[PDB]
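Enquirer: Below you'll find the structure I mean.
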Amino acid sequence: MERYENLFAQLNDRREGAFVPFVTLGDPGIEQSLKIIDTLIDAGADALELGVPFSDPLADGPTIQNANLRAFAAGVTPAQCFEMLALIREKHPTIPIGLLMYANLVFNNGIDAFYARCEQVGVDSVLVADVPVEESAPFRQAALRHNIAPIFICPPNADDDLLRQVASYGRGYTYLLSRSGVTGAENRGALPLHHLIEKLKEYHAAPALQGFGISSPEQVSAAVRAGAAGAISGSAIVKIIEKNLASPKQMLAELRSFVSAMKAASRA
Amino acid sequence: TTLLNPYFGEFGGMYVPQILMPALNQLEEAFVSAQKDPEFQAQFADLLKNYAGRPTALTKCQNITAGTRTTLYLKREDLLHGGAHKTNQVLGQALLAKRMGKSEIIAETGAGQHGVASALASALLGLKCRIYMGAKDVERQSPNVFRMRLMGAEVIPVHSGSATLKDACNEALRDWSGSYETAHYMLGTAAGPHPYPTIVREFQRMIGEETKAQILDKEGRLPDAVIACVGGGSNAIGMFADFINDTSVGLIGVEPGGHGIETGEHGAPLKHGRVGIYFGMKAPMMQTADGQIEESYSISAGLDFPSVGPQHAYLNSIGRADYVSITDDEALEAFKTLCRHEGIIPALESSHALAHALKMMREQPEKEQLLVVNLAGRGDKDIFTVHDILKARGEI
Ligand SMILES: Cc1ncc(COP(=O)(O)O)c(C/N=C(\CNc2ccccc2O)C(=O)O)c1O
Ligand SMILES: O=P(O)(O)OCCNS(=O)(=O)c1ccc(OC(F)(F)F)cc1
Ligand SMILES: [Cl-]
Ligand SMILES: [Cl-]
Ligand SMILES: [Cl-]
Ligand SMILES: [Cl-]
Ligand SMILES: [Cl-]
Ligand SMILES: [Cl-]
Ligand SMILES: [Cl-]
Ligand SMILES: [Cl-]
Ligand SMILES: [Cl-]
Ligand SMILES: [Cl-]
Ligand SMILES: [Cl-]
Ligand SMILES: [Cl-]
Ligand SMILES: [Cl-]
Ligand SMILES: [Cl-]
Ligand SMILES: [Cl-]
Ligand SMILES: [Cs+]
Ligand SMILES: [Cs+]
Ligand SMILES: [Cs+]
Ligand SMILES: [Cs+]
């Protein structure tokens, strides 16, 4: 499948940026997580980034650390995550679905087999947060064999060699990292990224999605204005879940208002 | 791209977020440069000798082997400033931080000994030290926490995950991911992403180098085997390194068997775990069937870690080094035995090593063998633990 390629072409036709929320699968539970995800899509999500709960999410700040913990509190396992992914795809044929993985979950039962399962359930991309380009070969190979886009991080501390590597190896989208550190809405990126954006286009990289610290509409508009194809927001979304655990109804309503606002900022 | 091989065979690597790769590259270059720098080496040697007290004794233990053909020496890392071998490599890594122009130190600790070592080195060398420690560890290790704080270190409890060593390990990397521009991560064992397994080995190798010189002086030959406990692997690889090419010398690493391997409550991933990728490295892990990092267990906090350094996994694979386990009860016996018969109170960690040496002796008491146990730390820290156990089993 070419889900990201199709999404970007359509968005380019509408001169819109992509807005892509991240959530943790199964936070705060399987049924609620399925409803959260449907709400995000209904509210205007162009694509999804979906975390499989992992014991040691060392690229995540406390907000997403806690999402993982809430999912584990609910008994969520990777196999249950794959069931959820199959059902999400069964409901929603075209939306790009990216997973946010940690290496051990991918390697556990065989890297090839992991990517084959992703293909079977209809996942579009995999980002392995603790695998740098330097260690990426078996992951990117298995991804491509199974029609999965391997997502590469283009960090703010990147050079020409790395830009060329991520442009060459990556598919689907290039993850344009906002700043150093870990995920969290509590820290906004303070670096201009248009230079990196331009070089990626020069090297024919997969379209750039800016991520880390995106929590407001202005930032989505800013990402598009800088030449990125769109923006990813996780912690900000997960904070709404965290805030509204006691009111599943209100949770969905706020998620809806938030995504609508963020998406609106991408069209213009 | 690196200067040195990040792998030992299939084990090791640099499994960190992309954002941290320049930090690892910077540290490797600084290390490689420092190893060629006589000025660096002289400053390191000066701290080792005049501050930490190297060389450490090699003690012949005659009472505990009486009636057998075992000759047993203990390498006395217990006598190093701080009370454990951890001090050696923190001094080197603190100098590396300075070489790189870094002003802050991050460190993980579990039992607290590495944190104390990091704190003392930071005090001495004028680095601002923050230590991450799982909150369950903070709760259990009030003495070490206080030692660290007396020495000016910030101790930060880690409440995520299982609130233990692995979680502290992650938190340290999380901090570093954002602060590497000013801070050095002073990892406390021969594990984690390259170049740490290599650096920690090289900054611990004086253990084995001294042992070799001392045993040639006292016995006229190399040991038949050198024996060390394996938590993450630093004291063991420090003892083993200089003997690796001496193929007649056995290298025995002792993992904690906890309540017994069959119970699953142990810390012996090298022999009873499964290869995984965590903490920046591909190595044997204790993990669930679906690949979550499992909880280890040992009576001894210093060994209670669900993975192991990649060089140990490699040396095992090729049959150069052999790895065994020792249970809580065996370690406790060895502790009591050394106190009563040699007047040395060993750390419960190194009591695992001693227990295995005692088994080698007792199993085959007419076998002539010259053994060295790395006594990696003193057991002052463990006396409350042992008391509580000894009274509860009714030796009161
Ligand atoms: C006296 C003594 N003797 C042996 C050991 C075992 O450690 P080894 O010699 O490195 O195998 C310790 C380990 N102690 C730890 C754990 N240190 C630790 C363990 C695993 C990962 C990260 C760590 O900081 C600490 O944090 O202090 C010790 O204190
Ligand atoms: O909005 P924030 O700050 O919570 O960021 C959301 C990020 N969610 S994600 O799944 O894209 C994502 C992407 C990359 C991550 O680590 C890595 F860069 F090291 F690979 C972690 C999470
Ligand atoms: Cl916020
Ligand atoms: Cl090399
Ligand atoms: Cl190998
Ligand atoms: Cl390899
Ligand atoms: Cl030199
Ligand atoms: Cl000299
Ligand atoms: Cl205190
Ligand atoms: Cl910080
Ligand atoms: Cl010599
Ligand atoms: Cl001589
Ligand atoms: Cl052998
Ligand atoms: Cl778990
Ligand atoms: Cl061999
Ligand atoms: Cl007695
Ligand atoms: Cl014999
Ligand atoms: Cs590409
Ligand atoms: Cs003897
Ligand atoms: Cs031997
Ligand atoms: Cs261990």
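Enquirer: Give me the Kirkwood hydrodynamic radius of the protein assembly as shown in Å, from all C-alpha pairs, to one decimal place?
Expert: Hydrodynamic radius (Kirkwood, Cα pairs) of the protein assembly as shown is 26.0 Å.
Enquirer: Still on this structure, I have one more. Run lengths n ≥ 4 of DSSP H only: what is the helix-derived mean residue ellipticity at 222 nm for chain B, with -39500 (n - 2.57) per run over all residues, to the nearest 500?
Expert: Details: 15 runs with 162 residues, N = 396.
Computed mean residue ellipticity for chain B: -12500 deg cm²/dmol.
Enquirer: Can you tell me the dipole magnitude for chain A around its Cα centre, using point charges on the Cβ only (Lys, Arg +1; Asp, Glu -1), in Debye to the nearest 20?
Expert: Magnitude of the dipole: close to 600 debye.
Enquirer: Nearest-5 percent of antiparallel DSSP beta bridges in chain B?
Expert: Restricted to chain B, the bridges split so that about 35 percent are antiparallel.
Enquirer: Could you give me the percent of Cα pairs per 10 Å distance bin for chain B, shortest bin first, beginning at zero and ending with the bin that holds the maximum distance?
Expert: P(r) for chain B, in whole percents per bin: 5, 25, 36, 25, 8, 1.
Enquirer: I want the local charge near residue B:294. Using Cβ-Cβ distances under 14 Å, sum +1 for each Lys or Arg and -1 for each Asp or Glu among the other residues.
Expert: Cβ neighbours under 14 Å give a net charge of -4.
Enquirer: Using the crude model of +1 on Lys and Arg Cβ and -1 on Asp and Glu Cβ, and no other charge, please compute the dipole size for region B:123-203 relative to its Cα centre, in debye to 20.
Expert: Computed about the Cα centre, the dipole is about 180 debye.
Enquirer: Around residue B:4, with a cut-off of 11 angstrom between Cβ atoms, what is the net charge of the other residues, counting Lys and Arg +1 and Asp and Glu -1?
Expert: -3
Enquirer: Would you mind working out the magnitude of the charge dipole of region B:289-386 relative to its Cα centre, with +1 at each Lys and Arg C-beta and -1 at each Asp and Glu C-beta, to the nearest 20 Debye?
Expert: Dipole about the Cα centre, nearest 20: 380 debye.
Enquirer: Next up: Rg and Dmax in Å for chain A, alpha carbons only: what are they?
Expert: 16.8, 49
Enquirer: Here is a further query. For chain A, with the dipole built from +1 on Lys and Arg beta-carbon atoms and -1 on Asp and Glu ones, taken about the Cα centre, which of A:216, A:114, A:7 lies farthest toward the positive end?
Expert: A:216
Enquirer: Divide by every residue of chain A the summed helix terms, -39500 (n - 2.57) for each DSSP H run of at least 4, and state the resulting mean residue ellipticity at 222 nm, rounded to the nearest 500 deg cm²/dmol. Intermediate values should be presented prior to the final figure.
Expert: Numbers: 12 runs with 130 residues, N = 268.
For chain A, the value works out to -14500 deg cm²/dmol.
Enquirer: Evaluate the Debye formula for region A:105-210 with equal point scatterers sitting on the alpha carbons, no solvent, and hand back log10 of I(q)/I(0) at q = 0.16, 0.17, 0.22 Å⁻¹, in q order, two decimals.
Expert: At q = 0.16, 0.17, 0.22 Å⁻¹ the computed log10 ratios are -0.71, -0.79, -1.15.
Enquirer: Per residue of A:130-138, how many C-beta atoms from partner chains lie within 10 Å of its own C-beta, taken as a mean?
Expert: The mean count of partner-chain Cβ atoms within 10 Å per residue comes to 6.
Enquirer: Pick out, from B:365, B:389, B:298, the residue whose Cα sits farthest towards the positive end of the charge dipole of region B:285-396, with +1 on the Cβ of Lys and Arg and -1 on the Cβ of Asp and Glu.
Expert: Positive-end residue among those listed: B:365.
Enquirer: What percent antiparallel are the DSSP beta bridges of the protein assembly as shown, to the nearest 5?
Expert: On the way: 17 of 78 bridges.
So the antiparallel bridges in the protein assembly as shown amount to around 20 percent.
Enquirer: Moving to a separate point now. Give the peptides A:118-126, B:300-308 in descending order of average Cβ contacts within 10 Å, highest first.
Expert: Peptide ranking by packing, descending: B:300-308, A:118-126.
Cβ sites come from the backbone with ideal geometry, for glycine too, and all protein chains shown count toward neighbours. No value in this document is a laboratory result; all are computed from the given coordinates.
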